[PDB]
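Okay, so here's the structure we're looking at.
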Amino acid sequence: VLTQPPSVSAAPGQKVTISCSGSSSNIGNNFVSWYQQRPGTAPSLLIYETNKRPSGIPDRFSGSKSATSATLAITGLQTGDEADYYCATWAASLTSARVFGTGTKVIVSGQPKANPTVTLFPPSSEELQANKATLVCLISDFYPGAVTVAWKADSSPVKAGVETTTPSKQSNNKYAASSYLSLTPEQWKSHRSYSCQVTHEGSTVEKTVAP
Amino acid sequence: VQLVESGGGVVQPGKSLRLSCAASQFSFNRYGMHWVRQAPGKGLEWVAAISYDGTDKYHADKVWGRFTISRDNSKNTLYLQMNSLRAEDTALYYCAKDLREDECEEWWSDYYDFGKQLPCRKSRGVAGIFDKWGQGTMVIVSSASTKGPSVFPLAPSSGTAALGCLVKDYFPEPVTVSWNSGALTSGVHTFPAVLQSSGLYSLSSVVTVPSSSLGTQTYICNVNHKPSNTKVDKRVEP
C-alpha cells in the first residue's frame, strides 16, 4: 500500500517535492515508475526505472529513490504541469500488495489562498425515525481548491460511510465541496460526538456536533 | 502508437460485459498489455496484465475470480471479460501498453515437436511500465433507477445564522432547489450533489440569513425533481 501526500501547491517558479513510501518489499527491491495525468485526459509516463525519463519529458522532472521511499521533483512550474502525479512499482513479481499510489494533486497558482469555512450539521429528528443517519459537512469559499476531508468519532477516526464530492468553482472563483458521513442510528447514538476535519493547505479546521 | 477501447456501457450489478482494445501503430505480438481503471474522481488501479504470448496472466485480488484478461494477436485486440460485476467496479477503464519488448531465451526441447510449438522458460517478462495509454472506456455498474428525493430539515448554525435542507437518495439529475417560492435568492449556496456507492444522488443547499428574523420569518425549502414528478416544500424550524 504505497501512500502519497493528498495535495501539493506552489507558485510558478519554485521547486516541488512529491514522495512515495512503503515497505522495502515494494520499494527497495524494485524500481519506481512515475505518471502524470492532466485533468480530463489520459495518464502519461513521466519516469520509469526510478531515474530514466522518456523522450518529450523535460530535464526538470527529476526522479529519486531511497530505502523505504521514492521522490519525484519538478523544478520550474508552468500552468501545464498542473496535474495528478501517481507513482508505481512492479515486482517481484508481486503479492497481495497494491500497485499505484493514492495520488498527489499539484496545483500551480501564485494567487493568494483562501481558508475554508466549514459548516457541520447533525442528522434530523425526522431522519432518525426513518431509520437512517446522515452528517453533512459543508465546505465553502476556499482556494486553490485542494481539500482532504477526514471524519472522527470521539478522537477515533472513521472510515466507512464517507462520501466526499470533488471541489468546484463558485461565482467568486473560490472552490466549494461537500462531504457526507452516512451512518446508522445505532452508530450515531454510540459515540459522544462526531467531528469533520477539513485538511486544506496544511492547516486543518475541525467542526464537531452532538445530540 | 494508438490504442482505442470499446464495449463499455451501463449494466446492472451481476450481469456481464466485454471490453475490447484495438491496438495499432506498433508490433502488438511483442509487448505486454494491461488494464487500469480509475473511479471518478479517485486514484488509479491496475486491474489485469498479460504477456506477449499469453502465457502470463496477472490480476488484482479484488478481481481475482470475476475478471480475466485475454488477447488475440491475429486481430491486435485485447479482451477483458467482465462478468459478475459489482458497484465498486464502476470506473473508466484504460488500455495500457507495457514498455519492455519481450523476447524468449530458453525453450524446453522436450515437447511437442511442432506439434506447434514450444513455450518459454525464462522470457524477459512484463516490466510493469505503462508508457502508452488510451482515452479509456467507461463502465457503469449501478443498482439504481428513477427514485424521488427524501427531503429533510437542517440546523441553525453560526453565518449568523445558516439554515438549509437535505436532498437525500434520488436519481437521476437534475434536481432544482429554491427558497420561499423564489422570493429569496440571496445568501444562498447550493452545493453539488454526490455519487454514492449505491449510485444514488444527493445534494445540499445552505442558506445564511439574519439570526434576528429566525423566530419571526419562516423559511420553506422548495425542492423539485421533475424526472419523478416530485415536488417538496419543507419548512425549516430551529
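Protein sequences, first through last, are from chains L and H. Numbers 3 to 9, 11 to 27, 27A to 27B, 28 to 95, 95A to 95C, 96 to 106, 106A, 107 to 208, taken from PDB author numbering, label the letters of the first sequence in order. Numbers 2 to 52, 52A, 53 to 82, 82A to 82C, 83 to 100, 100A to 100Z, 101, 101A, 102 to 128, 134 to 213, taken from PDB author numbering, label the letters of the second sequence in order. Backbone N, C-alpha and C define an ideal beta-carbon position, used for all residues, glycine too.
**Message:** Measuring alpha carbon to alpha carbon, tell me which residue in H:182, H:100F, H:100W is nearest residue 100P of chain H.
**Reply:** H:100F
**Message:** Between residue 103 of chain H and residue 91 of chain H, how many whole angstroms is the CB-CB distance? I'm expecting something under 8 Å.
**Reply:** 5 Å
**Message:** Helix, strand or coil for residue 12 of chain L? Go by DSSP, reduced to three states.
**Reply:** strand
**Request:** Could you tell me which chain H residues have their CB closer than 7 Å to the CB of residue 49 of chain L, listed as they occur along the chain?
**Result:** 96, 100Z
**Item:** N-terminal and C-terminal residue of the alpha helix (DSSP H) that residue 125 of chain L is part of
**Value:** 122-126
**Message:** Is residue 208 of chain H close to chain L? Criterion is C-beta to C-beta, closer than 7 Å.
**Reply:** no
**Message:** Just to confirm my understanding: we take residue 68 of chain H, look at its own chain, exclude 5 residues before and 5 after, and list those with CB closer than 7 Å. What are they?
**Reply:** 81
**Item:** Closest Cα partner of residue 176 of chain H within the set H:55, H:23, H:149, H:43
**Value:** H:149
**Request:** Just the C-alpha distance for residue 96 of chain L and residue 45 of chain H, rounded to the nearest angstrom, thanks.
**Result:** 11 Å
**residue 185 of chain L, enclosing beta strand (DSSP E) - first and last residue** = Per DSSP, residue 185 of chain L belongs to no beta strand (DSSP E); it is in the alpha helix (DSSP H), 182-185.
**Asked** Using 7 Å as the limit for Cβ to Cβ distance, is residue 191 of chain L near chain H?
**Response** no
**Item:** Inter-residue Cα distance where the pair is residue 169 of chain H and residue 30 of chain H
**Value:** 43 Å
**Contacts that residue 36 of chain L makes with chain H (C-beta to C-beta distance below 8 Å)** = 45, 101
**Request:** Let me know the secondary structure DSSP gives residue 54 of chain L once reduced to three states.
**Result:** coil
**Asked** Which class does residue 198 of chain L belong to by DSSP, given the choice of helix, strand or coil?
**Response** coil
**Item:** Nearest residue (CA-CA) to residue 10 of chain H, options H:50, H:118, H:85, H:107
**Value:** H:107
**Prompt:** Is it a yes or a no for the segment 31-51 of chain L touching the segment 77-90 of chain L, going by three-plus beta-carbon pairs under 8 Å?
**Reply:** yes
**Message:** Using DSSP's beta-bridge definition, name the partner residues of residue 137 of chain H.
**Reply:** H:127, H:183
**Prompt:** If you drop the 5 nearest sequence neighbours on each side, which residues of the same chain put their C-beta closer than 7 Å to that of residue 9 of chain L?
**Reply:** 103, 143, 145
**Prompt:** Between the C-alpha atoms of residue 148 of chain L and residue 41 of chain H, what's the straight-line distance to the nearest angstrom?
**Reply:** 21 Å
**Message:** I need the boundaries of the beta strand (DSSP E) containing residue 85 of chain H, first residue and last residue.
**Reply:** Counting along the chain, residue 85 of chain H falls outside any beta strand (DSSP E), and DSSP gives it neither H nor E.
**Asked** With DSSP run on the structure shown, which of helix, strand or coil describes residue 62 of chain L?
**Response** coil
**Prompt:** With a cut-off of 7 Å, does the C-beta of residue 61 of chain H fall near any C-beta of chain L?
**Reply:** yes
**Whole-number beta carbon distance between residue 33 of chain H and residue 95 of chain H, since they are thought to touch under 8 Å** = 3 Å
**Request:** Label residue 100D of chain H either buried or exposed according to how many other C-beta atoms from any shown protein chain fall within 10 Å of its C-beta, with 16 as the threshold for buried.
**Result:** exposed
**residue 161 of chain L burial status per 10 Å Cβ neighbour count (16 or more: buried)** = buried
**Asked** Does DSSP put residue 122 of chain H in a helix, a strand or coil?
**Response** strand
**Asked** Apart from the five residues on each side of it in sequence, which residues of its chain come closer than 6 Å, Cβ to Cβ, to residue 100N of chain H?
**Response** none
**Prompt:** Where residue 157 of chain L and residue 144 of chain H are concerned, what is the direct C-alpha to C-alpha distance, given to the nearest angstrom?
**Reply:** 18 Å
**Message:** Quick check on the burial criterion: 16 or more other C-beta atoms within 10 angstroms. Buried or exposed for residue 16 of chain L?
**Reply:** exposed
**Request:** From the DSSP output, read off the bridge partner residues of residue 188 of chain L.
**Result:** BP columns for residue 188 of chain L are empty, so no partner.
**Prompt:** Is there contact between the segment 176-193 of chain H and the segment 181-190 of chain L, where contact requires at least three CB pairs shorter than 8 Å?
**Reply:** no
**Prompt:** Starting from residue 51 of chain H and walking both ways along the beta strand (DSSP E), at which residues does that stretch end?
**Reply:** 46-51
**Request:** Express the C-alpha separation of residue 63 of chain L and residue 75 of chain L in angstroms, rounding to a whole number.
**Result:** 7 Å
**Prompt:** So, is residue 86 of chain H buried or exposed, given that buried needs 16 or more other C-beta atoms within 10 angstroms?
**Reply:** buried
**Request:** Assign residue 31 of chain H to one of three DSSP states: helix, strand, or coil.
**Result:** helix
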